[PDB]
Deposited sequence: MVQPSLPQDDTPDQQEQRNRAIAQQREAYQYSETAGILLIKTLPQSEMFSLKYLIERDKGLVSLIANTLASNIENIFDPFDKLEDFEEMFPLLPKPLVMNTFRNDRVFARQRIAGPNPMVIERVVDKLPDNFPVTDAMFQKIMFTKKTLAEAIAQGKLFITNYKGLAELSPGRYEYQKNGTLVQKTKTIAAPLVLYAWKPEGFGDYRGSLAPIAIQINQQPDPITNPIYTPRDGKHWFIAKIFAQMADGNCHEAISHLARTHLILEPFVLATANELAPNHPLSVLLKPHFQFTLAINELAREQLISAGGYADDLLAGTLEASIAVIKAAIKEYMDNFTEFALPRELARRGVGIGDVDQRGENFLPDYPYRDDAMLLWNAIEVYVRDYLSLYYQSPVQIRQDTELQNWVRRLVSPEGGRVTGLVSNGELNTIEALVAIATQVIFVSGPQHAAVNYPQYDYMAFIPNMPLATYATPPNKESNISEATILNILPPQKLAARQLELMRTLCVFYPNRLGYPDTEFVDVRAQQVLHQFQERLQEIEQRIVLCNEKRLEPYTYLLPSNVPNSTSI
């Protein structure tokens, strides 16, 4: 056990040992790339999943074998015979929480603030997009009000999800053997705009849905809750969009994959007894390995992204890389408070009374608790070792860490640092706070609702398989079943979500090995106590909330992105 220390404070012998360890780690953690995504060349055996991990994962897969044995779903590309069949896919699995109430407009809307992807909704200011021609008459008919759109917008009552980021997807293709002939079909993509309003007990309510980006009163009209089944179908497409942005942007890109350069830089530039390495590595546990499983089984040819998502694998990969690049180029701007403020849903986005324009936002409140607790944690921890900015500046290993991260072949994190150089303790506190928050809380918030909201296929199908029907046509059960995924791909989606949610590989603030520094043990203990308080506070709030939001309870938050 070696006391952590800054390299400039070590002896020449100690410094040479640090440099030898760094050389060996650079040999073991080499940089590689898959379709432009930075990954590791060869996973070190020390970075593999543990035996315990493998036992839990295997338990999940075997449970899926049993559940499939007890299920009546078939290995065919036909639709389900009945919509009710979707509720019979879980004979030996937990029932997804959204299953009973997914048709409800409020349950649809609340997934924007407490579902798997609570990262899209933004407050409308000035006007709606010109390609989203919602009219005063529509708004007044829906809200049963005399208020106009401009008055609602001026009051901060209107919110929007604009899935334009999917407009350029090449639709995915699928094929299968039927009666000795190969059948080839194409998925139907959509990039909807969804208008919500805060209705003051107060609830977020869906107002309008335009399924595609370019308006037309006949072929791409604005649907409202007054359009019955058509409205229902509209929501499906909206949900599909929210799913594709969830997996490509919010889950894979902006947790799993943007963490890879930080793990690799930590190995490539920080000695084992560097305080920042000691701080961060518990929050990298199994991250490289789970990202190798993402390479092998998710974003590979024939994998889950190919099978399930709306676009071709190439299109999905394009979306992922764009999300990564925007995150890295503006790293500091994706800190939780700034990210919330940029969408107009931060804690400072209040009306004249001081009340938030979006008062019900469980992800925001709980994630803010976790963010501030983490910030105090890394500030005190780093204060144990950095007292003057000169120690930051003269830490050659830390400087090489930054330089590796912003370099084009080390992650290209051009938004990581100001003035081209890391110079202050507080900037490092922000960096480490954001890394730890992403690895634990954020990944928990986007990963673990996947089963409750996405293993029940009709609530959030990862692709749609037929075009939106004409606004005047009659909608039968067969129409909806033809839009929803066929049996085999619904099975594959349940398979995926169950594997991604089966267990918690670790726990936030509880590393496998204690800190060597007793002072660091104290700071970590304080972090654990604060997590206890946060757990109690969230339990209280969940007593108050319309529905409990459990995904950011500290006991449900892993220490690292690891599943």
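Can you give me the gaps, meaning deposited-sequence stretches with no C-alpha coordinates, in sequence order?
Absent from the structure is a single run, positions 201-206.
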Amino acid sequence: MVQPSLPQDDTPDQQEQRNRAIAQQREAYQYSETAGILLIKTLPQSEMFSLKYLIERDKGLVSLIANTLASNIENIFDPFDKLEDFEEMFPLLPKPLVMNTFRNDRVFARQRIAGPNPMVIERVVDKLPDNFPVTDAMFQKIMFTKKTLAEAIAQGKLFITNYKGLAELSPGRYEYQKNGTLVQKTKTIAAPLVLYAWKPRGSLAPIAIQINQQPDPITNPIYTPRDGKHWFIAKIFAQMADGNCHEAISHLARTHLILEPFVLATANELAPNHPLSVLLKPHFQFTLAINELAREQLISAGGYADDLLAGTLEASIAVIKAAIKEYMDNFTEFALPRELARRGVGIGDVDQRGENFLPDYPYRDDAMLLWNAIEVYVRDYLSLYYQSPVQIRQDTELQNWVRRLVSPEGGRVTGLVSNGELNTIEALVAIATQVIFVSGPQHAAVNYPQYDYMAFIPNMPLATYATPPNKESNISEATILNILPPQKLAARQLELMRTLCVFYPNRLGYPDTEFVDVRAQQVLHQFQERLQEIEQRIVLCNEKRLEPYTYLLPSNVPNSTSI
From here on, numbers count along this sequence of modelled residues.
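For the stretches 125-133 and 447-455, which has the higher mean C-alpha B-factor as given in the deposited record?
Comparing 125-133 with 447-455, the higher average CA B-factor belongs to 125-133.
On average, are the C-alpha B-factors higher in 394-402 or in 289-297?
Comparing 394-402 with 289-297, the higher average CA B-factor belongs to 394-402.
With respect to the C-alpha temperature factors reported in the PDB entry, which of 532, 68, 45, 506 ranks highest?
Answer for 532, 68, 45, 506: 532, with the highest C-alpha B-factor.
Can you tell me which of 303, 202, 485, 344 has the highest Cα temperature factor in the record?
If I rank 303, 202, 485, 344 by C-alpha B-factor, first place goes to 202.
Just say lowest, middle or highest third for the CA B-factor of residue 116 relative to the other modelled residues in its chain.
Lowest third, going by the recorded CA B-factors of the chain.
Of the three thirds of its chain by CA temperature factor, lowest, middle or highest, which one includes residue 105?
Its C-alpha B-factor, which the entry lists for residue 105, ranks in the middle third among residues of this chain.
How does residue 29 rank on Cα B-factor within its chain, lowest, middle or highest third?
Its C-alpha B-factor belongs to the middle third of this chain's values.
Lowest, middle or highest third: which one holds residue 426 when the chain's residues are ordered by CA B-factor from the entry?
Answer is highest: the recorded C-alpha B-factor places it there.
Chain thirds of CA B-factor: placement of residue 58:
As the PDB entry reports it, the C-alpha B-factor of residue 58 lands in the middle third of its chain.
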